[PDB]
Amino acid sequence: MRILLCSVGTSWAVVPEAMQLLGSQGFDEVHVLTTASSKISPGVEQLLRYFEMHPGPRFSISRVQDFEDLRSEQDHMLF
Amino acid sequence: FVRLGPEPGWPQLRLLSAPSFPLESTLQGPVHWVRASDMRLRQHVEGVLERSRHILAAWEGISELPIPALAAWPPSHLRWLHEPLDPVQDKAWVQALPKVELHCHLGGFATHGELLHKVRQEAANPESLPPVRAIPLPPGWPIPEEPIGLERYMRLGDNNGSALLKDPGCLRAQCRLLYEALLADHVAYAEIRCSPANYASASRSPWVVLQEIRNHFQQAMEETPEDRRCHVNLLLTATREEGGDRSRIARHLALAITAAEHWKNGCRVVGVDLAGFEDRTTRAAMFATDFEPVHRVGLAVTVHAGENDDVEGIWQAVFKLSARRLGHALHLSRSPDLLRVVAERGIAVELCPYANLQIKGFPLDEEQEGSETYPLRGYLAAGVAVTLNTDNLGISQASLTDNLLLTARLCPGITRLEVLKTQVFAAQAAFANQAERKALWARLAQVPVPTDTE
Amino acid sequence: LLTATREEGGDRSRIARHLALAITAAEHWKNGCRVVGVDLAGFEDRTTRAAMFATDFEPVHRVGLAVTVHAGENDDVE
Amino acid sequence: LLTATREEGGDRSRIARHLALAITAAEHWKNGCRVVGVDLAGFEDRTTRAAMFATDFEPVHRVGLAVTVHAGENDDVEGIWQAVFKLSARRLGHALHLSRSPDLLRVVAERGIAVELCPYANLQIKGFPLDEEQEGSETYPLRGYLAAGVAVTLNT
Ligand SMILES: [Zn+2]
């Protein structure tokens, strides 16, 4: 099996581009970690629409709760 | 695409699984919302990297550590080991050390004080109890002003032993209370020396006495959890004297041969201890033919060749009795050729600091070492397998912890590593089998973490 | 009686176990059936004429155990 | 190692010379090549069996010389018993019958007495089976000795 883990920020397009590392074969499943920021919320749906029109691997857009912005050391340790 | 290469990970970190550190997830539509209950995984990872750094740092030099598990110690803690032992500041560290006891007499445990009365109050026949004789301890005990010699030392234990232990109730109390003293001292393996024929009666054969002693310790061992259990093995003391009755030696030697195959598990008889009257008339070779049956049945022999300031007695003990361990033997350096033989053959030397100080006397708290010092560090430097013991917990009025700390005052500059090396020596010198040695080594790997290092 | 069997240049460990068993049992039972002595039996030859077993049997003599000896298949008075 | 050979006939004058030579050479050289022990070489039988030389080897033990006993063409455990205890041998040569005495095997392992095995010589002199499937009643006792805790060395 081949699983791709991809963190995402304000640049949702990195995940679909990360899909093309292996070529046409792709990944058996991809999982995306996301923070609870509202700025990056619109990118979550853009990932969802891409996943719908490119199905076949398992998808997860798991969002880290109570992590909005990187403010101090406690935020990074929580992430 | 820029690829940074595969990562092998760390050997003990790539085995971690999700169930061990679960991630609570709440499903909002098609997107998971994850949270961490606590910070346990990072505490596990950082504790691993903290330990991994220690092993790699101490990797070069692991052969000099008597206990290989010490390589996981912080480098400051390992430098603490090489520092000289402090008798007053390291009392807590020594107390928590898993210790090995190789030279301990059953009849010299509850000789005076409150422990003597606790054994007496559990006599099965109180009317047969001997009157408590007046045996005043020398002033400054357990550290007398002057050495008292061997004759006065054995008289300090006249309220216990053969006088008291002929009572089945007193014998049971003596065994159980001695085990409680071993547990309180964090002793992991002990070898208790007993004279079952000395406690025999008309209706109680020496085999009955020995079987009671073994089962008293076995019952005490079974009632103790495996984690802190002190394994007790038994040595039978063959006591020599000037004529009188040497059929008691034949009874003890035969009892140890009989008991050797009888118990293959738990508390068991693992050797004989040739002791008693030390003189050129009762030197080792006089009994060489008595111990041929002991050697045929694979019984180990330890010899009390340590008072008369002779070296010829130690020669027969090594070569005429095939002794695996030597009791006391504080004058090996008198024959540098015998000292080389003892180290080469792996014959262990049983040192009893308080008993040696009380009987013989040694310079104390001297900042330099010469010509009179306790020979512990000289023996270690010569490759002798040296063990530290209590001899008599009652007469000497000191535990194994106190005996270890006294070596700081007896030997100037003895390090805390050297104390650990004696425990390793005692484990190697034990008359234990594969199962007992394996269990003992797992206990010795749990060295207490020092406090207030640097 | 416990039999200490002489075996040609062989294990004296079984003899040691038997002789020690008798010494332990001689004083264990003071009534009824009891162990009262040892028997020296087994192989017999000029090697095992039983003079060199005298060291093995001194402990038996110390505890007052009686001894009986097999004069085996042989025509030797020694 | 200086070899003291037992001989049929009781000739012990060359043994006396070899034992005296090793004592003299033991303290003569303290660096480099040095004489470190004596080997009691091979003539079997109850005559010339270990303990007969216990008196001869008292001087060797008194000068700190180690002793190895060289058993050969024999099937008796009494020689090994006497080598360990009457001779205080620190090593044993060709001790291929330790398992036949369970007490002796435990004593050898407990005391750390090494056993010098010579695979080709033992095969050429005694004839152990080769390339057999698992084990049993004929196998070279090397792996049996190792499982018993015996210090085993392989030699030429
Ligand atoms: Zn003692």
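Chain letters run A, B, ... following the sequence lines, proteins first, then strands; residues in each count from 1. All ligand and atom numbering here is 1-based and tracks the order in the structure.
Geometry note: the Zn ion (ligand 1) is the vertex, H105(B) NE2 and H103(B) NE2 are the arms, and the angle is 90° (rounded to 10 degrees).
Seen from the ring of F431(B), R325(B) counts as a face-on cation partner, given the 6.0 Å and 45° thresholds.
Side-chain N/O atoms of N159(B) and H112(B) include no donor and acceptor closer than 3.5 Å. Looking at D402(B) and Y354(B), their side chains never bring a donor and an acceptor atom within 3.5 Å of each other.
Taking 2.8 Å as the criterion, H328(B) does not count as a coordinating residue of the Zn ion (ligand 1), since none of its N, O or S atoms falls below it.
When you scan the N, O or S atoms of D391(B) for the one nearest the Zn ion (ligand 1), you land on OD1.
One finds no salt bridge joining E312(B) and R334(B) here, because no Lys/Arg side-chain nitrogen approaches an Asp/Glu carboxylate oxygen to under 4.0 Å.
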